[PDB]
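Presented below, as structure tokens, is a lone chain in the form deposited without the ligand.
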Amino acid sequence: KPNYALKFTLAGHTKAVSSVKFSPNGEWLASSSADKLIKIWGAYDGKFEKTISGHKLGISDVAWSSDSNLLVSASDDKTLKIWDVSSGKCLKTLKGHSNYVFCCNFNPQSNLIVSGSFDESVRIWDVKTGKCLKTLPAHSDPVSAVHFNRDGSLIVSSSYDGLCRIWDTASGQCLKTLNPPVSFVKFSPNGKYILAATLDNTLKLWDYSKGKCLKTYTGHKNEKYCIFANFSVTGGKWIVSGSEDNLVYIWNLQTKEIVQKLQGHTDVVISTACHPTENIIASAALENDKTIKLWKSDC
């Protein structure tokens, strides 16, 4: 069992936090918020670094390029923005969605960005030109998550429509459809499994190749929000998620037992992230709290 303990509380957002993500090189945590801002914090000392601004409405997600130099953000202003982290400058505004942009990610090469929107579509964008390469008529309700697999050859998407779909990146064709709203999905680090959250207080681990559910994780509260969940791999092999009872939940991936619940937040824990090399979790909460917490474990 891990022993995550609170190390830092990061204050500065003035509305709900939406998404926190560690840079791939481990140096930084980026946060996005309903306050229209991205903030950058030191991953190991929690020290506030800078605010990145330019969206006209709140931000629901942020993601890093593989070299840790760029961010992309998804906003209620119906755009994504690509940012140079060092300069804080908006390099490109990605225009095309017809409703809020809710989720985003770079591919491993980081030449592409995938987005999902309240407009029910998934879009694939060229980072260099800032132009949309493909629009996938992916779902029949808002798209809650989008994620590339380990080499970027596949995209997984999820939606309030109750479906999780897997797409061939190069062609845009749907390869597989895996019905409560699906509120989050993500490939496992090796690309073989998909972790999927549904709004009936349940997470499930699916075998992509077999299209079969292998594990179910329960005990947390998730009936309303699209809460980020994670595979923790730096120490023990855990599943980590936020929860609507204001706690971070950690489960043993294989046995499905809850191994720790992290207390301290005073609103829904909407986002968790796991550090790429250290046993460090970042968590963030909605507008009664507005803070990010950094936790550390010895395993």
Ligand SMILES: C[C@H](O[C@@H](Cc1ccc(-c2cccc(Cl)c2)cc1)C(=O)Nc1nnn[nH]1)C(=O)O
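Rigid core: the largest C-alpha set superposing within 1.5 Å between the two forms. Start at 1 with the first residue shown and count on from there.
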Core-aligned Cα RMS comparison in 6 other deposited structures of this protein - stretch that moves more, 136 to 144 or 205 to 213: 205 to 213
Gap size, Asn179 back to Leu178 (deposited sequence, no coordinates): 4 to 9
Of 26 to 34 and 244 to 252, the stretch whose C-alpha atoms average the higher B-factor in the entry: 244 to 252
58 to 66 set against 263 to 271, stretch whose average Cα temperature factor tops the other in the entry: 263 to 271
From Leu112, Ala74, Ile155, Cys174, residue of greatest CA B-factor: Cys174
Residue of maximum C-alpha B factor among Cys104, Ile124, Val143, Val127, per deposited coordinates: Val127
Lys39 by Cα B-factor - lowest, middle or highest third of the modelled chain: lowest
Third of chain Cα B-factors occupied by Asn279: middle
Among modelled residues of the same chain, the CA temperature factor third for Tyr208: highest
Within-chain third of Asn288 by Cα B-factor, per the entry: highest
Chain-wide C-alpha B factor ranking for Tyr160, given as lowest, middle or highest third: middle
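The following text describes the form solved in complex with the ligand, which does not appear among the structures shown.
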Contact at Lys192, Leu205 and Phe231 by the ligand in the deposited complex, all three, heavy atom at most 4.5 Å: yes
Listed range touching the ligand, judged in the deposited complex by heavy atoms within 4.5 Å, from 211 to 219, 107 to 115, 165 to 173, 123 to 131: 211 to 219
4.5 angstroms heavy atom contact with the ligand in the deposited complex for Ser188: yes
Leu253, heavy atom within 4.5 angstroms of the ligand in the deposited complex: yes
Contact of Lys56 with the ligand in the deposited complex (heavy atom, 4.5 Å): no
is_contact(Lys47, the ligand) in the deposited complex, heavy atom dist at most 4.5 Å: no
